[PDB]
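Content type PDB, C-alpha atoms, from the file input.pdb:
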```pdb
ATOM      1  CA  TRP A 415       5.932 -50.793  12.220
ATOM      2  CA  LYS A 416       6.442 -50.348   8.477
ATOM      3  CA  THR A 417       2.897 -51.700   8.079
ATOM      4  CA  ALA A 418       1.229 -51.433  11.504
ATOM      5  CA  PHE A 419       1.170 -47.626  11.622
ATOM      6  CA  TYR A 420       1.381 -45.210   8.701
ATOM      7  CA  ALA A 421       2.519 -41.588   8.822
ATOM      8  CA  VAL A 422       1.010 -39.115   6.360
ATOM      9  CA  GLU A 423       2.969 -36.070   5.200
ATOM     10  CA  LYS A 424       1.298 -33.452   2.998
ATOM     11  CA  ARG A 425       3.299 -30.217   3.133
ATOM     12  CA  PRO A 426       6.550 -29.765   5.083
ATOM     13  CA  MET A 427       7.290 -26.865   7.395
ATOM     14  CA  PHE A 428       7.395 -23.502   5.647
ATOM     15  CA  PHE A 429       8.183 -19.933   6.666
ATOM     16  CA  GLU A 430       7.077 -16.741   4.961
ATOM     17  CA  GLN A 431       6.909 -13.045   5.753
ATOM     18  CA  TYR A 432       3.232 -12.316   6.408
ATOM     19  CA  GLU A 433       2.798  -9.262   4.213
ATOM     20  CA  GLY A 434      -0.113  -7.506   5.847
ATOM     21  CA  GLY A 435      -0.017  -6.958   9.570
ATOM     22  CA  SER A 436       3.658  -6.089   9.028
ATOM     23  CA  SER A 437       4.611  -2.430   8.687
ATOM     24  CA  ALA A 438       7.783  -0.527   7.861
ATOM     25  CA  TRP A 439       8.889  -0.956  11.490
ATOM     26  CA  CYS A 440       7.625  -4.371  12.650
ATOM     27  CA  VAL A 441       7.615  -7.705  10.813
ATOM     28  CA  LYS A 442       5.068 -10.462  11.364
ATOM     29  CA  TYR A 443       6.220 -13.948  10.441
ATOM     30  CA  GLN A 444       3.943 -16.909   9.836
ATOM     31  CA  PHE A 445       4.942 -20.565   9.778
ATOM     32  CA  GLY A 446       3.039 -23.775   9.302
ATOM     33  CA  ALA A 447       2.977 -27.395   8.245
ATOM     34  CA  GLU A 448       0.352 -29.997   7.404
ATOM     35  CA  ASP A 449       0.597 -33.692   8.259
ATOM     36  CA  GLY A 450      -1.270 -36.554   9.847
ATOM     37  CA  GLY A 451      -1.213 -40.186  10.813
ATOM     38  CA  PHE A 452      -3.388 -43.226  11.275
ATOM     39  CA  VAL A 453      -3.089 -46.861  12.224
ATOM     40  CA  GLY A 454      -2.669 -49.521   9.583
ATOM     41  CA  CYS A 455      -3.994 -52.947  10.463
ATOM     42  CA  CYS A 456      -3.796 -53.149  14.241
ATOM     43  CA  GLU A 457      -3.449 -56.913  14.398
ATOM     44  CA  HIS A 458       0.246 -56.362  13.573
ATOM     45  CA  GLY A 459       1.164 -54.738  16.889
ATOM     46  CA  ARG A 460       1.033 -55.616  20.554
ATOM     47  CA  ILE A 461       1.348 -53.913  23.930
ATOM     48  CA  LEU A 462       2.625 -55.103  27.308
ATOM     49  CA  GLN A 463       0.987 -54.005  30.573
ATOM     50  CA  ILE A 464       1.002 -54.915  34.259
TER      51      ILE A 464
ATOM     52  CA  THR B 208      -5.886  28.675 -14.926
ATOM     53  CA  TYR B 209      -2.994  27.585 -12.723
ATOM     54  CA  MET B 210      -2.028  25.964  -9.426
ATOM     55  CA  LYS B 211      -1.497  27.844  -6.181
ATOM     56  CA  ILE B 212      -0.321  25.232  -3.662
ATOM     57  CA  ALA B 213      -1.268  26.746  -0.331
ATOM     58  CA  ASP B 214       0.892  25.161   2.361
ATOM     59  CA  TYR B 215       2.536  21.780   2.759
ATOM     60  CA  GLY B 216       1.165  19.977   5.770
ATOM     61  CA  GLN B 217       3.041  18.857   8.852
ATOM     62  CA  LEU B 218       3.778  15.202   8.104
ATOM     63  CA  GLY B 219       6.375  13.719  10.453
ATOM     64  CA  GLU B 220       6.238  13.764  14.220
ATOM     65  CA  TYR B 221       9.344  12.251  15.925
ATOM     66  CA  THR B 222       7.476   9.380  17.558
ATOM     67  CA  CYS B 223       8.822   7.028  20.196
ATOM     68  CA  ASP B 224      10.882   4.086  18.978
ATOM     69  CA  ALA B 225       8.542   1.328  20.107
ATOM     70  CA  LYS B 226       5.197   1.695  18.332
ATOM     71  CA  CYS B 227       4.662  -0.135  15.046
ATOM     72  CA  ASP B 228       2.885   2.785  13.361
ATOM     73  CA  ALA B 229       3.093   6.450  12.447
ATOM     74  CA  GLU B 230       0.582   9.171  13.330
ATOM     75  CA  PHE B 231      -1.463  11.088  10.785
ATOM     76  CA  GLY B 232      -0.536  14.615   9.771
ATOM     77  CA  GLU B 233      -2.265  17.664   8.379
ATOM     78  CA  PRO B 234      -2.907  17.905   4.623
ATOM     79  CA  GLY B 235      -2.016  20.535   2.035
ATOM     80  CA  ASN B 236      -4.148  22.587  -0.353
ATOM     81  CA  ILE B 237      -3.499  23.388  -3.996
ATOM     82  CA  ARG B 238      -6.203  25.910  -4.937
ATOM     83  CA  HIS B 239      -6.653  25.526  -8.686
ATOM     84  CA  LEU B 240      -7.754  29.080  -9.517
ATOM     85  CA  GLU B 241      -8.062  30.979 -12.796
ATOM     86  CA  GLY B 242      -7.773  34.445 -14.308
ATOM     87  CA  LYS B 243      -8.877  36.086 -17.549
ATOM     88  CA  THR B 244      -7.326  38.459 -20.080
ATOM     89  CA  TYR B 245      -8.732  41.703 -21.461
ATOM     90  CA  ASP B 246      -8.701  43.265 -24.914
ATOM     91  CA  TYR B 247      -7.815  46.682 -26.283
ATOM     92  CA  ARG B 248      -9.153  48.170 -29.493
ATOM     93  CA  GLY B 249     -10.106  51.320 -31.348
ATOM     94  CA  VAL B 250     -10.436  52.780 -34.820
ATOM     95  CA  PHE B 251      -9.509  55.800 -36.920
ATOM     96  CA  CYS B 252     -10.619  56.868 -40.387
ATOM     97  CA  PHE B 253      -9.272  58.958 -43.253
ATOM     98  CA  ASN B 254     -10.274  60.441 -46.552
ATOM     99  CA  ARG B 255      -8.426  59.195 -49.631
ATOM    100  CA  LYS B 256      -7.488  62.323 -51.568
ATOM    101  CA  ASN B 257      -6.808  64.227 -48.343
ATOM    102  CA  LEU B 258      -4.271  61.480 -47.584
ATOM    103  CA  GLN B 259      -2.632  61.251 -51.021
TER     104      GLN B 259
END
```
Represent the structure of the file as structure tokens.
Amino acid sequence: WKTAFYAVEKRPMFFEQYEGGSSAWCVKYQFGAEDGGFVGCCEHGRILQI
Amino acid sequence: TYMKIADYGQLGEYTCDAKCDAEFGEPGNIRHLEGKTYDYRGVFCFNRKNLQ
């Protein structure tokens, strides 16, 4: 697995008060994260079926 | 000239405690008006001997 499938991480989870859309009586929070993944060389794995 | 502020508006309203907003209120006027000043003058003469 260390070379058959790679995981790509760009920016971890983050939270922030969304100034704008939030007034003196109601807050609007906004969270997010950015990541991805792909396969490496797929002659390194295998799968079992019926 | 000078200021004359007419009347403060009605701003607050005692809204319900659910809405995420206020409600607009009436404005106030200031009425920058002016005023002038007058002058007062006159004269009087004399002789010179008849005053000595």
* Pick from B:240, B:256, B:231, B:250, whichever lies nearest to residue B:219 using all atoms listed in the file -> B:231
* Find the residues around residue B:215 up to 10 Å (all atoms listed in the file counted), leave out those fewer than 2 positions away in its own chain, and share them as a PyMOL selection string. => chain B and resi 212-213+217-218+233-237
* Would you translate the ChimeraX specification (/B :<7) & /A into the concrete set of residues it matches in this file, as an MDAnalysis selection string? => chainID A and resid 437 439:440
* Residue members of the PyMOL selection byres ((chain A and resi 456) around 12) in the file shown, as a PyMOL selection string -> chain A and resi 415+417-420+452-455+457-461
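Of note, atom CA of residue A:425 and atom CA of residue A:445 are spaced 11.8 Å apart.
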* Which polymer residues have any atom within 8 Å of an atom of residue A:429, counting all atoms listed in the file, with same-chain residues fewer than 6 positions away left out, as a PyMOL selection string? -> chain A and resi 443-446
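The space separating atom CA of residue B:209 from atom CA of residue B:248 comes to 27.3 Å.
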* **Pairwise distance for atom CA of residue A:464 and atom CA of residue A:451, rounded to one decimal in Å** => 27.8 Å
Given 6 Å of margin on each side, can you work out the centre and size in Å (one decimal) of an axis-aligned box holding every listed atom of stretch 224-228 of chain B, as lines of an AutoDock Vina configuration file?
```
center_x = 6.9
center_y = 2.0
center_z = 16.7
size_x = 20.0
size_y = 16.2
size_z = 18.7
```
